[PDB]
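A short write-up of the structure that comes next.
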Amino acid sequence: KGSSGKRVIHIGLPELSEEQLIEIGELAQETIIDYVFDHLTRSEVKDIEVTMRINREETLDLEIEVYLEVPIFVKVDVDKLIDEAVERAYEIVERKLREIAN
Amino acid sequence: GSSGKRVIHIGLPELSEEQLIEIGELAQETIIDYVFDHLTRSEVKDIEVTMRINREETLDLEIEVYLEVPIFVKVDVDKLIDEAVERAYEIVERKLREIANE
């Protein structure tokens, strides 16, 4: 089992139309996916799992859970890579939200 | 009767690992779109759609769907999930033929 790691980006959501809700969810997830494959070659990625989660209780919450695993012979720092991927996702979603707020 | 779970395994041998990501995304999002186009926002208490890409240890793509509606809402969750999934296959198959043609 090569290096692996998981992270969950969690975002409280404001008032959004259905179209904007789906757009935001997909944006968050694709930013993470694209980030991974813009730094790794398809061969270095043994397993990538991504879950989009939208929970609506007292508050509207979006969560993107990502798990990544590389071959045991690949030397990339998976945790740091996932961290940065997730960070990029947070800022891109947070900006898109401010933009919508107008 | 307030929730449903569904796991589908998909093999896509004629596609490169990159096109696998694209299809995984098409599949997952077709399912998300379907759920929100057929249920009101308030009826979707919790939805989770996972895409797993792993050509070396699985058929290739795995999609996991989890859907929950409020306990007082009368909806056939497995049925809705079934329809969402079938729609996904139909859309994925069209994409595959499209890709094959190019």
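Convention: chains lettered A, B, ... in structure tokens order; per-chain residue numbering from 1; ligands numbered from 1 as shown.
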
Exercise for review: Give me, as number ranges by chain, the contact residues of chain B against chain A at a cut-off of 6 Å, counting only C-alpha atoms.
Suggested key: B: 45-54

**Study point:** Neighbour list for residue 74 (chain B) as a PyMOL selection string, cut-off 10 Å, only C-alpha atoms, skip fewer than 6 positions in-chain
**Key:** chain B and resi 1-2+43

Please save C-alpha atoms of the selected residues as a PDB file, in the first residue's frame.
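And here's again-v2.pdb as it stands now:
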ATOM      1  CA  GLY B   1     -38.109   4.100   3.866  1.00  0.00           C
ATOM      2  CA  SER B   2     -36.441   7.492   4.187  1.00  0.00           C
ATOM      3  CA  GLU B  43     -36.982  16.992   0.226  1.00  0.00           C
TER       4      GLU B  43
END

Practice item. May I have all residues of chain A that DSSP, computed from the backbone, assigns to strand (DSSP E or B), given as a VMD selection string? Key: chain A and resid 4 to 12 47 to 56 60 to 69

Written selection (N, CA and C atoms) as a compact mmCIF listing (two decimals), in the first residue's frame:
# COMPACT_ATOMS: atom_id res chain seq x y z
N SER A 4 -1.04 7.36 0.97
CA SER A 4 -2.44 7.71 0.79
C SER A 4 -2.80 8.83 1.76
N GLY A 5 -3.99 9.39 1.58
CA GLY A 5 -4.43 10.46 2.45
C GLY A 5 -5.85 10.87 2.12
N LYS A 6 -6.50 11.53 3.07
CA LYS A 6 -7.86 11.98 2.87
C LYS A 6 -8.08 13.32 3.53
N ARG A 7 -8.98 14.10 2.94
CA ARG A 7 -9.33 15.41 3.44
C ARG A 7 -10.80 15.65 3.11
N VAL A 8 -11.43 16.51 3.89
CA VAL A 8 -12.82 16.85 3.66
C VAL A 8 -12.94 18.37 3.62
N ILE A 9 -13.36 18.94 2.49
CA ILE A 9 -13.54 20.38 2.49
C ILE A 9 -15.00 20.51 2.93
N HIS A 10 -15.25 21.39 3.89
CA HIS A 10 -16.59 21.59 4.40
C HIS A 10 -16.94 23.06 4.24
N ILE A 11 -18.11 23.34 3.68
CA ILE A 11 -18.51 24.72 3.46
C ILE A 11 -19.97 24.96 3.78
N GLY A 12 -20.21 25.92 4.67
CA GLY A 12 -21.57 26.28 5.03
C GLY A 12 -22.05 27.07 3.84
N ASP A 47 -5.39 5.19 -6.85
CA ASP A 47 -6.78 5.29 -6.44
C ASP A 47 -7.14 6.72 -6.04
N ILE A 48 -8.25 7.21 -6.59
CA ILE A 48 -8.75 8.52 -6.25
C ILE A 48 -10.25 8.35 -6.04
N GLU A 49 -10.72 8.77 -4.87
CA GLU A 49 -12.13 8.67 -4.50
C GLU A 49 -12.63 10.04 -4.07
N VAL A 50 -13.73 10.48 -4.67
CA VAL A 50 -14.30 11.78 -4.34
C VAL A 50 -15.80 11.68 -4.11
N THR A 51 -16.25 12.19 -2.98
CA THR A 51 -17.67 12.17 -2.63
C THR A 51 -18.22 13.59 -2.45
N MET A 52 -19.28 13.93 -3.17
CA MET A 52 -19.91 15.23 -3.01
C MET A 52 -21.05 14.95 -2.04
N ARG A 53 -21.11 15.74 -0.98
CA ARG A 53 -22.11 15.55 0.05
C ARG A 53 -22.81 16.88 0.32
N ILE A 54 -24.14 16.86 0.24
CA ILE A 54 -24.94 18.05 0.49
C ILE A 54 -25.95 17.69 1.56
N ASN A 55 -25.78 18.29 2.74
CA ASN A 55 -26.64 18.04 3.87
C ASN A 55 -27.48 19.27 4.21
N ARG A 56 -28.79 19.06 4.31
CA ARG A 56 -29.71 20.13 4.62
C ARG A 56 -30.54 19.84 5.87
N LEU A 60 -27.42 24.48 5.61
CA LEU A 60 -27.09 23.86 4.32
C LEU A 60 -25.58 23.68 4.24
N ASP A 61 -25.12 22.43 4.19
CA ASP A 61 -23.69 22.15 4.14
C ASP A 61 -23.21 21.34 2.96
N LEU A 62 -22.08 21.77 2.39
CA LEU A 62 -21.47 21.07 1.27
C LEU A 62 -20.16 20.49 1.75
N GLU A 63 -19.93 19.23 1.44
CA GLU A 63 -18.69 18.58 1.82
C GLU A 63 -18.16 17.80 0.64
N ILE A 64 -16.86 17.93 0.40
CA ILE A 64 -16.24 17.17 -0.67
C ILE A 64 -15.17 16.37 0.03
N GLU A 65 -15.33 15.06 0.03
CA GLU A 65 -14.37 14.18 0.66
C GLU A 65 -13.49 13.56 -0.42
N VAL A 66 -12.18 13.70 -0.26
CA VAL A 66 -11.26 13.14 -1.23
C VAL A 66 -10.26 12.20 -0.59
N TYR A 67 -10.07 11.05 -1.23
CA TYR A 67 -9.08 10.06 -0.79
C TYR A 67 -8.20 9.82 -2.01
N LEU A 68 -6.89 9.83 -1.79
CA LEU A 68 -5.94 9.62 -2.87
C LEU A 68 -4.87 8.65 -2.42
N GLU A 69 -4.45 7.78 -3.34
CA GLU A 69 -3.43 6.79 -3.06
C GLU A 69 -2.55 6.64 -4.30

Practice item. Rounded to one decimal place, report the CA of residue 35 (chain B)-CA of residue 96 (chain A) distance in Å. Key: 23.6 Å

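Atom pair CA of residue 58 (chain B) / CA of residue 11 (chain B) has a distance of 8.1 Å (rounded to one decimal).
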
Review point. From the set A:58, A:2, A:77, A:98, which residue has the shortest atom-to-atom contact distance to residue 40 (chain A), counting only C-alpha atoms?
Key: A:77

Practice item. Find the residues near region 81-98 of chain B: any atom within 7 Å, counting only C-alpha atoms, skip ones fewer than 6 places away on the same chain, and give them as a ChimeraX atom specification. Key: /B:23,26-27,30-31,34-35

Next, the residues of the selection above should be written as a short mmCIF file (atom, residue, chain, number, x, y, z; two decimals), in the first residue's frame with N, CA and C atoms.
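selection29.cif was written with the following content:
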data_model
loop_
_atom_site.label_atom_id
_atom_site.label_comp_id
_atom_site.auth_asym_id
_atom_site.auth_seq_id
_atom_site.Cartn_x
_atom_site.Cartn_y
_atom_site.Cartn_z
N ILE B 23 -15.69 10.54 -17.50
CA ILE B 23 -16.90 9.73 -17.44
C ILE B 23 -17.38 9.59 -16.00
N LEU B 26 -19.14 12.66 -15.32
CA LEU B 26 -20.40 12.71 -16.06
C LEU B 26 -21.46 11.86 -15.35
N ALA B 27 -21.05 10.68 -14.93
CA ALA B 27 -21.94 9.74 -14.24
C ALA B 27 -22.46 10.31 -12.93
N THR B 30 -24.63 13.37 -13.37
CA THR B 30 -25.90 13.08 -14.01
C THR B 30 -26.84 12.65 -12.87
N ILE B 31 -26.31 11.87 -11.94
CA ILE B 31 -27.10 11.38 -10.81
C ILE B 31 -27.50 12.52 -9.87
N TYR B 34 -30.16 14.64 -11.58
CA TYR B 34 -31.43 13.94 -11.56
C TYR B 34 -32.15 14.07 -10.23
N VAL B 35 -31.43 13.89 -9.13
CA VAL B 35 -32.06 14.00 -7.82
C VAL B 35 -32.64 15.39 -7.57
#

Review point. Quick one: DSSP alpha helix (DSSP H) residues in region 15-65 of chain B, as a PyMOL selection string?
Key: chain B and resi 17-38

Selection export as a JSON list (two decimals), in the first residue's frame, atoms kept: C-alpha atoms:
[["chain", "number", "residue", "atom", "x", "y", "z"],
["B", 17, "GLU", "CA", -7.44, 6.89, -17.49],
["B", 18, "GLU", "CA", -8.12, 10.56, -18.26],
["B", 19, "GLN", "CA", -11.39, 9.85, -20.09],
["B", 20, "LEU", "CA", -12.21, 7.66, -17.10],
["B", 21, "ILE", "CA", -12.20, 10.75, -14.85],
["B", 22, "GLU", "CA", -14.39, 12.60, -17.34],
["B", 23, "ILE", "CA", -16.90, 9.73, -17.44],
["B", 24, "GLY", "CA", -16.79, 9.30, -13.68],
["B", 25, "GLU", "CA", -17.70, 12.98, -13.39],
["B", 26, "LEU", "CA", -20.40, 12.71, -16.06],
["B", 27, "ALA", "CA", -21.94, 9.74, -14.24],
["B", 28, "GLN", "CA", -21.87, 11.22, -10.74],
["B", 29, "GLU", "CA", -23.19, 14.60, -11.83],
["B", 30, "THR", "CA", -25.90, 13.08, -14.01],
["B", 31, "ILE", "CA", -27.10, 11.38, -10.81],
["B", 32, "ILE", "CA", -26.87, 14.59, -8.74],
["B", 33, "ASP", "CA", -28.71, 16.57, -11.40],
["B", 34, "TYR", "CA", -31.43, 13.94, -11.56],
["B", 35, "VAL", "CA", -32.06, 14.00, -7.82],
["B", 36, "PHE", "CA", -32.35, 17.80, -7.64],
["B", 37, "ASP", "CA", -34.47, 18.02, -10.78],
["B", 38, "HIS", "CA", -37.03, 15.64, -9.32]]

**Study point:** Length of the CA of residue 81 (chain A) to CA of residue 28 (chain A) vector [Å]
**Key:** 15.9 Å

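Residues with any atom within 10 Å of residue 76 (chain A), counting only C-alpha atoms and excluding same-chain neighbours fewer than 3 positions away, are residues 3, 4, 39, 40, 44, 70, 71, 73, 79, 80 and 81 of chain A.
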